[PDB]
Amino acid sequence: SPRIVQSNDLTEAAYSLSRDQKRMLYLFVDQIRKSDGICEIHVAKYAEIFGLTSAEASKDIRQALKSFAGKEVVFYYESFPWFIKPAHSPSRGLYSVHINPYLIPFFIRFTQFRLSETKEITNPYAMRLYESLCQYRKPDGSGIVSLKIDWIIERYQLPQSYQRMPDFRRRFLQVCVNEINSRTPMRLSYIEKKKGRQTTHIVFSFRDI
């Protein structure tokens, strides 16, 4: 299946995208890299890739696309918009999109994963976690990395109530660890690092099945 690669600057960038938008984003990076910023999406190809109907595919593309407006990207800082013109459909079943050409150098010290690894993940924050572990993966398939909680919150743009740690644990950390273990070929564990009463980092270990 298509091998996604992206600059680490994108893996560690600050943004808030839905699952459907992130799914689309994988195809843009694939299209751009296999070469002005003008990309294209076919309804029927999207449906076959992610096992959706044509109808439900159409709904996902259309609503994802109009939700890009106003979204911004931060590289730690400098902020950019994803799109510089609205999307439009010249033909039935076909969409044309205009990615910000200033984003090109940030797309192409790199991260790589096959698209089948992430296509069953549902929670978008869990897609971001799996991308950040891959950045440190070894050829054989294992790795270990320590991520700071404040940096997790700023990079993944978690909602404000997750600055209370018990909600952070219950609705983000445990769920995203559980999905990865159930939906990817990776087997993931963790332990908490503390300083006084405050929890400051999360330490991730993983191997390949």
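All residue numbers are counted from 1 along the displayed sequence.
In the deposited sequence, the stretch from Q160 to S161 has no residues without coordinates, so the chain runs on without a break. According to the record, the deposited sequence contains 10 or more residues between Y76 and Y77 that were left without coordinates. Across the two stretches, 109-117 and 127-135, the PDB entry reports the greater mean Cα temperature factor for 109-117. As listed in the deposited structure, the average C-alpha B-factor of 144-152 and of 40-48 is greater for 40-48.
Between the residues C176, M165, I32, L65, the entry's highest C-alpha temperature factor is the one at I32. Among all modelled residues in this chain, the alpha-carbon of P90 has a temperature factor (C-alpha) in the highest third. Annotation for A57: C-alpha temperature factor in the middle third relative to the rest of the modelled chain, per the entry. Among all modelled residues in its chain, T199 ranks in the middle third by Cα B-factor. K193: CA B factor in the middle third of modelled residues in this chain (values from the PDB entry).
The entry lists a Cα temperature factor for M186 that places it in the highest third of the chain's modelled residues.
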